[PDB]
Amino acid sequence: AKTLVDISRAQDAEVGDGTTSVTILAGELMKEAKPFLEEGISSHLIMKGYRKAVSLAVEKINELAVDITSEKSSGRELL
Amino acid sequence: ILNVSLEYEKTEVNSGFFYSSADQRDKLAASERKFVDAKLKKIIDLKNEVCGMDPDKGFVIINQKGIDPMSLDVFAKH
Amino acid sequence: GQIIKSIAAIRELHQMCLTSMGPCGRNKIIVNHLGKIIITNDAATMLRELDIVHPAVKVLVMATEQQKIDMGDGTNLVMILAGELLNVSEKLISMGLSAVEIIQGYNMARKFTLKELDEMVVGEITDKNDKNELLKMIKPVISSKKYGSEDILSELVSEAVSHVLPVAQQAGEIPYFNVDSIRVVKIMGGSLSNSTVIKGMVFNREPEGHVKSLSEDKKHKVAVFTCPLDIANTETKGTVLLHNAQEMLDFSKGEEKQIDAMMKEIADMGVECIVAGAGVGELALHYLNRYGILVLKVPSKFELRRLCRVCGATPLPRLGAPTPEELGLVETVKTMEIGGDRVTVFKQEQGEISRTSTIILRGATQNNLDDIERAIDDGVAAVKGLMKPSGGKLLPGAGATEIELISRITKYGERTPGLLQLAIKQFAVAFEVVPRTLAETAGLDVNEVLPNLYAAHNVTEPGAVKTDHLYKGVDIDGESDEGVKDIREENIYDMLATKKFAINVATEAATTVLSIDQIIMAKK
Amino acid sequence: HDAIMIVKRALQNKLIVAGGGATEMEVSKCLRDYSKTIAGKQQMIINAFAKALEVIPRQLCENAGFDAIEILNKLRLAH
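Residues numbered from 1 in each chain as written, not as in the entry; some residues may be left out. Chains lettered and ligands numbered in written order. Part of a larger assembly, values for the part shown. Heavy atoms only, no water.

- This entry lists cryo-EM as its structure determination method and reports a resolution of 4.45 Å.

### Some thoughts on the overall build of chain A
So, step 1. Assigned secondary structure in chain A consists of four helices and zero strands.
So, step 2. Listing each helix as α and each strand as β along chain A from the N terminus yields α-α-α-α.
So, step 3. Against the 2.2 N^0.38 benchmark of 12 Å for 79 residues, chain A shows a C-alpha radius of gyration of 18 Å, more extended than a compact globule.
So, step 4. With respect to the three principal axes, the spread of C-alpha positions in chain A is 55 × 25 × 15 Å.
So, step 5. Relative to its full complement of 79 residues, chain A shows a buried share of 25%.
So, step 6. For chain A, the computed accessible surface area is about 5,800 Å², with 56% contributed by carbon and sulfur atoms. (Helix = DSSP H or I, 4+ residues; strand = E, 2+ residues; numbered from the N terminus. Rg over C-alpha atoms; globule rule 2.2 N^0.38 Å. Buried < 20%, exposed > 50% of the residue type's maximum accessible area, 1.4 Å probe, protein only. Areas by Shrake-Rupley, 256 points an atom, 1.4 Å probe, with all protein chains shown as cover.)

### Here we look at the arrangement of the chains
So, step 1. Of all four pairs of chains sharing an interface, the pair with the highest contact count is chains A and D.
So, step 2. Spatially, chain A is disjoint from chain B: no contact exists, and the shortest C-alpha separation is 53 Å.
So, step 3. In this structure chain B stays clear of chain D, and the shortest span between their C-alpha atoms is 62 Å. (Contact = heavy atoms within 4.5 Å.)

### Things to note about the pairing of strand β5 (residues 220-225) of chain C
All names here are of chain C.
So, step 1. Burial of β5 is extensive: five of the six residues sit out of reach of the surface.
So, step 2. Across three bridges, the pairing between β5 and strand β9 (residues 328-330) is antiparallel. Paired with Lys221 across the two strands is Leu329, which belongs to β9.
So, step 3. As defined by bridge partners, β5 adjoins strand β6 (residues 271-276) across five bridges and the pair is classed as parallel. Of the residues in β6, the one forming a bridge with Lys221 is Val271.
So, step 4. Considered for its hand, the β-α-β crossover made up of β5, helix α8 (residues 246-268) and β6 is right-handed. (Pairing = 2+ DSSP bridges. Right-handed = clockwise from strand over helix to strand, strands pointing away.)

### Details of the domain arrangement of chain C
All names here are of chain C.
So, step 1. Domain annotation of chain C identifies domain 1 (1-124 + 393-524), domain 2 (125-199 + 352-392) and domain 3 (200-351).
So, step 2. In this structure, domain 1 and domain 2 have C-alpha centres spaced 27 Å apart.
So, step 3. The junction of domain 1 with domain 2 conceals about 1,900 Å² of combined surface from both sides, 50% of it contributed by carbon and sulfur atoms.
So, step 4. Our enumeration of links across domain 1 and domain 2 arrives at one salt bridge.
So, step 5. Notably, a salt bridge pairs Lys68 with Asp378, separated by 2.6 Å at the nearest N-O pair.
So, step 6. At the boundary of domain 1 with domain 2, the tally comes to four residue pairs in polar contact.
So, step 7. Counting residues per element, the ones that place at least two in the side of domain 1 that touches domain 2 are β2 (37-40), β14 (493-495) and α16 (496-515).
So, step 8. Its residues placed into classes, the side of domain 1 that touches domain 2 shows nine nonpolar, eight polar and seven charged. (Domains from an automatic or database assignment. Buried area = accessible area lost by both parts, 1.4 Å probe. Salt bridge = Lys/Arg side-chain N within 4 Å of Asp/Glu carboxyl O. Polar contact = N/O pair within 3.5 Å; in protein donor to acceptor, adjacent residues only side chain to side chain. Nonpolar A, V, L, I, M, F, W, Y, C, P; charged D, E, K, R; others polar.)

### What about the packing of aromatic side chains?
So, step 1. Under the definition given, this model contains four aromatic pairs over all chains.
So, step 2. One aromatic cluster in this structure is built from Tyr106, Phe427 and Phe431 of chain C.
So, step 3. In this structure, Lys48 of chain A is placed above the aromatic ring of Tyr147 of chain C, and the distance from its NZ or CZ to the ring centre is 3.5 Å.
So, step 4. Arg318 of chain C extends its terminal NZ or CZ atom over the ring of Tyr19 of chain B, reaching a point 4.1 Å from the ring centre. (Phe/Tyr/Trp six-rings, centres within 6.5 Å; stacked < 30°, edge-to-face > 60°. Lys NZ or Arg CZ within 6 Å of the ring centre and 35° of its normal.)

### Side note on the pairing of strand β1 (residues 28-31) of chain C
All names here are of chain C.
So, step 1. In this structure, β1 lies alongside β2, joined through four bridges in antiparallel fashion. By the bridge assignment for β2, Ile30 is matched with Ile38.
So, step 2. With antiparallel pairing between neighbouring strands as the criterion, β1 and β2 make up a hairpin whose turn holds five residues, including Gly35 at a positive phi of roughly 80°.

### Overview of the sheet that holds strand β4 (residues 197-198) of chain C
All names here are of chain C.
So, step 1. Pairing is mixed across the open sheet formed by three strands, whose spatial order is β3-β12-β4. Every interior strand has two partners, whereas the edge strands, β3 (182-188) and β4, have only one.
So, step 2. Direction of pairing for β3 relative to strand β12 (residues 357-363): parallel, over a ladder of seven bridges. Across the sheet, the residue bridging to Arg183 is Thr358, located in β12.
So, step 3. Each of β3 and β12 is contacted by helix α11 (residues 366-384), which is oriented at about 170° to β3, the strand it contacts most. (Axes fitted to C-alpha atoms, helices over the stretch in contact; angles between N-to-C directions.)

Spelled out as structure tokens, the structure:
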């Protein structure tokens, strides 16, 4: 349980936002994997399934995040 | 077998030789190496008289007591 | 039936090591009684932090340290194999076969295995010490420890090894690579991609002076002084005291004139760096800033030993006698900011080749930062295995070695008549724990991958000479695959010196346990 | 003064996303479609990660007084 505290201190230091949300997200992800243990699924494929989703999420966030400078905007009108 | 001390010795009470100039270096250090140089210079003369020419031979010193850093360079050349 | 319960006590700790070896392995958090948390993936290090109750377990712990001290690699192969040799012997002890002939069977099977290890060598390491050639040995060492860092850490470790090794070939008389030549340092911030390789020791402390770094001049003189910086007094007592205000002006100005006179003779000799192992006074730092001398303090005596092997400096028992014979020479020393903090490092250029290097690690995860620190130390011992005792020979890893030994041992089982056939057959079956552990921890079905492993090394070829693919190993998968894959694609190999030494230790470890039919203990 | 403090933090980092469950719901919807093209046990594992992302908008609605049961169905409908 100290791992959730260590990642929260780095969340408040390097960033400063999302200290509470990173623990709730890590905990809720743990609850979804609880019934997977009773079925006999090993943790190896469980980790590969989430790491693949995060890899596809980073590419999706970059598409969702809108960063424009010289296209239909400028350094002023954007803000 | 060599029973004499080849390492620098100090007075029974804690003391040291501190020189403030290059001239005082050989003056203070001579008291510690006085007993060392007397025995050491006589040992190296044995290598010239005995086992000087003869190949495939060697000379080993027991020296139960310690060894000073000064004699380490002398033993390496011979 | 204490011999059966003794195996069950080891069986409780056997599954602990089954979760260690392999890429699925994980470190274990242990809280010491002093309030210190030690976290490492290596199982041999964990054994020192665990309290052992049964004295029979200490036999395997003592045998585990034999693998770490000499070869330094394969500690998981010794403990896991020794635990399986007791399980396959549990059926023989129960069947009515005496433990005496069980021990005799392993001695005959051990000699048959050692002779086959020389014929299983595929490739040979030329000991070129090239940056690309070291990537083949280091990759499997980093493997089965930390995932995803095997590509980045391969270039960092192989680069530091080539810096401390001179240029030589076909000479095994004089040893070169030691175990202290690679130091691991860590700093908060950054990532693994921004990490670099330093040709010398790295100091993370402050210079403690207004001089940040020295100049670019070639062959900077470095002097190591064990005596602290202060006016010379009597070695016995010699406490400075003030009886009256008249002696205050003489004692205050006396320390200013004596220290400045000694620092002037050092700067005239060309020494721009003074290493003081003891404390430094206030008036000493003022004179060093005007002469442009870098201030360095190393109280640890262990760091001073590796420094003498680089520049050639020697610690002086006195102060103010810069003998040029014992002084060292460093090509370039600079103070740069790496990892977010400005630190003064130690490196070289061409001459005075350093025999000790340090790798700087960076990352945003504190738990994985200490795991890499312990993982690099296992890679340091892998370079030591390149020496004369079968350093160039290598065997295919990733479960390909343990499975191939099954066909060779069972071939010698029917060849040797007598009661030894029971121990020889069970000796080859005990090697099935290695492929089963990698397949079980990876989520792969035992009914799927395991029957394909036996069919990979056993085929029917219309000819006397073997052909097709003998390189098929055990695959962890993790994404998708059909059957198994060839090991020659990823070039994961195991050295002969590591595999051959791990078999003899694991054999003698199980021999001691099976030979003990009674254990006498006493309460403390 | 309030308008400057809002764009102040946006000037330090110009990479931003739409908050309020917008981005969180888009990621959960796409990962369910990407799992449909991925055979094996990783399909049900990625779907578990998409469901684990729903806890962030949940607690935001429950703490603000909104009903997390109704807003979950109404948001995904228009999504």
